[PDB]
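Undergrad: Got a structure here, written out as structure tokens. Questions coming.
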Amino acid sequence: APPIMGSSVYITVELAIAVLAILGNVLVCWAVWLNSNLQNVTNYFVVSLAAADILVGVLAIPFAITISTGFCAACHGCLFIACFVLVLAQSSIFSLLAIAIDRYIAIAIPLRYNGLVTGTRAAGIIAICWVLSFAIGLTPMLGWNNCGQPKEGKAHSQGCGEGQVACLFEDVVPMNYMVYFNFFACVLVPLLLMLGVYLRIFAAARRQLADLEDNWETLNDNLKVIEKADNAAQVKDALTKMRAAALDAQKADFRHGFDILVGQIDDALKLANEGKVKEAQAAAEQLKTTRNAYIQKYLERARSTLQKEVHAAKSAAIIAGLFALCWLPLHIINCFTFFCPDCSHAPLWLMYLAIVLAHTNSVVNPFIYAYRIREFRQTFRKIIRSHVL
Ligand SMILES: CC(C)CCC[C@@H](C)[C@H]1CC[C@H]2[C@@H]3CC=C4C[C@@H](O)CC[C@]4(C)[C@H]3CC[C@]12C
Ligand SMILES: CC(C)CCC[C@@H](C)[C@H]1CC[C@H]2[C@@H]3CC=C4C[C@@H](O)CC[C@]4(C)[C@H]3CC[C@]12C
Ligand SMILES: CC(C)CCC[C@@H](C)[C@H]1CC[C@H]2[C@@H]3CC=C4C[C@@H](O)CC[C@]4(C)[C@H]3CC[C@]12C
Ligand SMILES: CCCCCCCC/C=C\CCCCCCCC(=O)O
Ligand SMILES: Cn1c(=O)c2[nH]cnc2n(C)c1=O
């Protein structure tokens, strides 16, 4: 078949992806700009990620279409066309890693979060990561390239000028760079890092949920103990273990609820020390009202916050996971090309599918926010509804 037919399918799909990438990610940026409830440090990395995905539609996909033709070009110009997408992919990895660390700090040291993680510091991190993304993605331009060993047969067969090559990705970008440097070091290692961070996030959330439940059962168990104890030392032992358990919970109207609880325990405790057991039990039984009134509400709000954080972190993890799914095939095909030179090159149609799937990643982020985060979903509706209506 004439190549122009298969290439017409490839180009049409690439342009379709470019349109979806631009529209969806413009909506993400628009949403964060308008809605103050979306303006947090976490979402500044989301916007940086959306900007990279817009750039895939506006620049990388047109570059990808161009380099598929093998057009004649100065090798360093070709290199820039071939490698710019690597800058955007690297920026996305830094943004994904930053989001994971952000959510980890939020769950592990909430008290210190807003003091550590600020808009000003985030903006600085985003600027540094973009600079590093240019350095990593355009490393071939610094001399790690095959511009020095041009394919002269292809150059003259295609009728290129001198100094010019048939501009093809695999002719100009070295496969050792793509496999060892780009894939293993700059992509795979950060992805495994994010896996580790997210693991630590879910473990932290699970431990804090358990601790909450433990304090609640420990406050309820020791109550029953006091109600059935026939000795003043039994009441004292239990009440001392409730005071500790209450003071851990305090740190972990609610602020008043705790002062009442500690006070009522201190009351029932001084009675117990004086031998007044029935009076200690009577004083201990008022804790039920403080528990019903205040403690049960603080337990349930704190449980609600942790669950919201587990949801947000799962949402972020899906986006990191989707990046991996969409990019691994292209990276794995490169590994086969590099490591198995006795293996037939992956056919053109599968190369096209791998490239298109990597580009498709720049579409998916907006759907995940829409499906998994109400605050974005609501703002999407309002930006669409107030432009339709
Ligand atoms: C839209 C704005 C922000 C940036 C767009 C600039 C892009 C389109 C420019 C910047 C550098 C340019 C390249 C620089 C040099 C060459 C070598 C020449 O033999 C063929 C064209 C080619 C490969 C150019 C293609 C277009 C190019 C990639
Ligand atoms: C989730 C992480 C661990 C995924 C990364 C695994 C990658 C690096 C693995 C998965 C399958 C592997 C390939 C399987 C088979 C072959 C054929 C052999 O002749 C050369 C190595 C080569 C080409 C391997 C290279 C590395 C490879 C691509
Ligand atoms: C879900 C993701 C992470 C896994 C996808 C793995 C894909 C990329 C794997 C599965 C089987 C693989 C193919 C198995 C055998 C060959 C023949 C060889 O001559 C060229 C590479 C080629 C054609 C491989 C290319 C990559 C391949 C298609
Ligand atoms: C903000 C929009 C920016 C413009 C987007 C369009 C970019 C087009 C990309 C590459 C076109 C360059 C390839 C054409 C060179 C042909 C030279 C030749 O005839 O050998
Ligand atoms: C990122 N990337 C690759 O890793 C690759 N491998 C072969 N062609 C490729 N192309 C066109 C590409 O854009």
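Please note that chains go A, B, ... in the order of the structure tokens, that every chain numbers its residues from 1, and that ligands are numbered from 1 in the order shown.
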Within 6 Å of ligand 5, which residues show up when you count only C-alpha atoms and all ligand atoms? List them as a PDB file with C-alpha atoms, in the first residue's frame, please.

TA:
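Output file selection.pdb is given in full below:
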ATOM      1  CA  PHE A 169      13.336   9.821  15.431  1.00  0.00           C
ATOM      2  CA  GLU A 170      15.329   6.558  15.560  1.00  0.00           C
ATOM      3  CA  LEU A 330       6.571   3.034  23.632  1.00  0.00           C
ATOM      4  CA  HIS A 331       9.397   2.701  26.248  1.00  0.00           C
ATOM      5  CA  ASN A 334      12.492   0.984  22.534  1.00  0.00           C
TER       6      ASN A 334
END

Undergrad: Can you work out which residues are within 9 Å of ligand 1, considering only C-alpha atoms and all ligand atoms, and then hand them over as a list in words?

TA: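 Going residue by residue within 9 Å of ligand 1, we get residues 58, 59, 62, 63, 71, 72, 73, 74, 75, 76, 77, 78, 79, 80, 81, 84, 163, 164, 165 and 167 of chain A.
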
Undergrad: Residues at most 12 Å from residue 124 (chain A), counting only C-alpha atoms, excluding those fewer than 6 positions away in the same chain, as a VMD selection string?

TA: chain A and resid 41 44 to 45 117 to 118 130 to 131

Undergrad: Would you put the residues from that selection into a file with N, CA, C and O atoms, as an mmCIF file, in the first residue's frame?

TA:
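Result file selection.cif:
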data_model
loop_
_atom_site.group_PDB
_atom_site.id
_atom_site.type_symbol
_atom_site.label_atom_id
_atom_site.label_comp_id
_atom_site.auth_asym_id
_atom_site.auth_seq_id
_atom_site.Cartn_x
_atom_site.Cartn_y
_atom_site.Cartn_z
ATOM 1 N N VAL A 41 -1.904 24.667 46.582
ATOM 2 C CA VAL A 41 -0.576 24.267 46.058
ATOM 3 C C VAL A 41 -0.721 23.006 45.222
ATOM 4 O O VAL A 41 -0.086 22.904 44.156
ATOM 5 N N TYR A 44 -1.735 23.777 41.711
ATOM 6 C CA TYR A 44 -0.749 24.494 40.879
ATOM 7 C C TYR A 44 0.105 23.494 40.102
ATOM 8 O O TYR A 44 0.500 23.781 38.960
ATOM 9 N N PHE A 45 0.363 22.328 40.682
ATOM 10 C CA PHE A 45 1.048 21.247 39.947
ATOM 11 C C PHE A 45 0.114 20.641 38.909
ATOM 12 O O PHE A 45 0.564 20.268 37.823
ATOM 13 N N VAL A 117 4.419 24.155 52.806
ATOM 14 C CA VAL A 117 3.958 24.102 51.410
ATOM 15 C C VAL A 117 3.127 25.342 51.154
ATOM 16 O O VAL A 117 1.957 25.369 51.534
ATOM 17 N N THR A 118 3.704 26.308 50.467
ATOM 18 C CA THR A 118 3.063 27.599 50.160
ATOM 19 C C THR A 118 3.034 27.806 48.661
ATOM 20 O O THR A 118 3.810 27.168 47.936
ATOM 21 N N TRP A 130 10.577 22.763 35.334
ATOM 22 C CA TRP A 130 10.524 23.037 33.879
ATOM 23 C C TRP A 130 11.927 23.209 33.325
ATOM 24 O O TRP A 130 12.230 22.655 32.266
ATOM 25 N N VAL A 131 12.785 23.939 34.022
ATOM 26 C CA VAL A 131 14.188 24.112 33.560
ATOM 27 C C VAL A 131 14.870 22.742 33.477
ATOM 28 O O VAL A 131 15.503 22.426 32.472
#

Undergrad: Kindly work out which residues sit at most 8 Å from ligand 3, using only C-alpha atoms and all ligand atoms, and give the list as a PyMOL selection string.

TA: chain A and resi 324-333+336-337+340+342-347+350+354

Undergrad: Any idea what's packed within 8 Å of region 236-253 of chain A, counting only C-alpha atoms, ignoring anything in its chain fewer than 5 positions away? Could you give it as a PyMOL selection string?

TA: chain A and resi 212+215+218-219+222-223+225-226+258+261-262+265-266+268-269+272-273+294

Undergrad: Select, from A:191, A:359, A:224, A:160, the residue with the minimum atom-to-atom distance to ligand 2, counting only C-alpha atoms and all ligand atoms.

TA: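 Closest residue, counting only C-alpha atoms and all ligand atoms: A:191.
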
Undergrad: Excluding residue 65 (chain A) and residues on its chain fewer than 3 positions from it, collect all residues at most 8 Å away from it, counting only C-alpha atoms, and give them as a PyMOL selection string.

TA: chain A and resi 11+14+61-62+68-69

Undergrad: Output N, CA and C atoms of each residue in that selection to a file, as a PDB file, in the first residue's frame.

TA:
ATOM      1  N   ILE A  11      -2.047  10.401  11.108  1.00  0.00           N
ATOM      2  CA  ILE A  11      -2.137  11.881  11.247  1.00  0.00           C
ATOM      3  C   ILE A  11      -3.526  12.269  11.732  1.00  0.00           C
ATOM      4  N   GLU A  14      -3.817  11.523  15.402  1.00  0.00           N
ATOM      5  CA  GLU A  14      -2.959  12.477  16.139  1.00  0.00           C
ATOM      6  C   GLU A  14      -3.672  13.830  16.278  1.00  0.00           C
ATOM      7  N   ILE A  61       2.494  17.098  19.022  1.00  0.00           N
ATOM      8  CA  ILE A  61       1.746  16.261  18.059  1.00  0.00           C
ATOM      9  C   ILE A  61       2.061  16.768  16.660  1.00  0.00           C
ATOM     10  N   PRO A  62       1.990  18.080  16.381  1.00  0.00           N
ATOM     11  CA  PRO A  62       2.486  18.559  15.087  1.00  0.00           C
ATOM     12  C   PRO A  62       3.927  18.133  14.793  1.00  0.00           C
ATOM     13  N   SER A  68       7.314  11.953  11.265  1.00  0.00           N
ATOM     14  CA  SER A  68       6.890  10.684  10.643  1.00  0.00           C
ATOM     15  C   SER A  68       7.131  10.704   9.133  1.00  0.00           C
ATOM     16  N   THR A  69       7.285  11.875   8.540  1.00  0.00           N
ATOM     17  CA  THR A  69       7.464  11.989   7.080  1.00  0.00           C
ATOM     18  C   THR A  69       8.910  11.731   6.667  1.00  0.00           C
TER      19      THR A  69
END

Undergrad: Write out as a PDB file with N, CA and C atoms, in the first residue's frame each polymer residue whose atoms come within 9 Å of residue 323 (chain A), counting only C-alpha atoms; drop sequence neighbours fewer than 6 positions from it.

TA:
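Written out: result-v4.pdb:
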ATOM      1  N   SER A  92       5.833  16.479  33.159  1.00  0.00           N
ATOM      2  CA  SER A  92       4.682  15.746  33.735  1.00  0.00           C
ATOM      3  C   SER A  92       5.133  14.856  34.880  1.00  0.00           C
ATOM      4  N   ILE A  93       6.280  14.223  34.753  1.00  0.00           N
ATOM      5  CA  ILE A  93       6.784  13.312  35.812  1.00  0.00           C
ATOM      6  C   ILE A  93       7.085  14.120  37.069  1.00  0.00           C
ATOM      7  N   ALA A 358       0.800   7.123  23.891  1.00  0.00           N
ATOM      8  CA  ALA A 358       1.602   8.046  24.727  1.00  0.00           C
ATOM      9  C   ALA A 358       0.970   9.445  24.671  1.00  0.00           C
ATOM     10  N   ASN A 361      -2.399  10.165  26.690  1.00  0.00           N
ATOM     11  CA  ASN A 361      -2.235  10.493  28.125  1.00  0.00           C
ATOM     12  C   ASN A 361      -2.590  11.968  28.379  1.00  0.00           C
ATOM     13  N   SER A 362      -2.347  12.832  27.401  1.00  0.00           N
ATOM     14  CA  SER A 362      -2.572  14.294  27.506  1.00  0.00           C
ATOM     15  C   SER A 362      -4.067  14.614  27.385  1.00  0.00           C
TER      16      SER A 362
END

Undergrad: Out of A:51, A:132, A:319, A:166, which residue has the shortest atom-to-atom distance to ligand 4 when counting only C-alpha atoms and all ligand atoms?

TA: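 Counting only C-alpha atoms and all ligand atoms, the residue closest to ligand 4 is A:166.
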
Undergrad: Residues within 8 Å of residue 13 (chain A), please, as a PDB file with N, CA and C atoms, in the first residue's frame. Count only C-alpha atoms; anything in the same chain fewer than 4 positions from it doesn't count.

TA:
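out_20.pdb was written with the following content:
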ATOM      1  N   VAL A   9      -4.214   7.830   8.249  1.00  0.00           N
ATOM      2  CA  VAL A   9      -4.905   7.365   9.473  1.00  0.00           C
ATOM      3  C   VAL A   9      -4.157   7.872  10.695  1.00  0.00           C
ATOM      4  N   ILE A  17      -6.514  13.632  18.713  1.00  0.00           N
ATOM      5  CA  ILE A  17      -5.979  13.634  20.095  1.00  0.00           C
ATOM      6  C   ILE A  17      -5.564  15.054  20.480  1.00  0.00           C
ATOM      7  N   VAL A 356       0.712   7.132  19.569  1.00  0.00           N
ATOM      8  CA  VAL A 356      -0.662   7.698  19.702  1.00  0.00           C
ATOM      9  C   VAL A 356      -1.136   7.500  21.154  1.00  0.00           C
TER      10      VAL A 356
END

Undergrad: Using CA of residue 188 (chain A) and CA of residue 371 (chain A) as the two end points, give the distance in Å to one decimal.

TA: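 Atom-to-atom, CA of residue 188 (chain A) to CA of residue 371 (chain A), that is 27.4 Å.
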
Undergrad: Of the candidates A:97, A:364, A:123, A:348, which shows the shortest atom-to-atom distance to residue 192 (chain A), using only C-alpha atoms?

TA: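 Closest to residue 192 (chain A), using only C-alpha atoms: A:97.
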
Undergrad: Rounded to one decimal in Å, what is the spacing between CA of residue 29 (chain A) and CA of residue 85 (chain A)?

TA: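 CA of residue 29 (chain A) sits 20.4 Å away from CA of residue 85 (chain A).
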
Undergrad: Could you work out how far CA of residue 30 (chain A) lies from CA of residue 53 (chain A), giving the answer in Å with one decimal?

TA: 14.2 Å

Undergrad: As a PyMOL selection string, please: all residues of region 17-201 of chain A that backbone DSSP puts in helix (DSSP H, G or I).

TA: chain A and resi 17-34+36-38+41-68+75-108+110-116+119-137+139-142+152-157+169-172+175-201

Undergrad: For a quick check of understanding, using only C-alpha atoms, which of A:195, A:101, A:47, A:82 has the smallest distance to residue 174 (chain A)?

TA: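 Going through A:195, A:101, A:47, A:82 one by one, the smallest distance to residue 174 (chain A) is for A:82.
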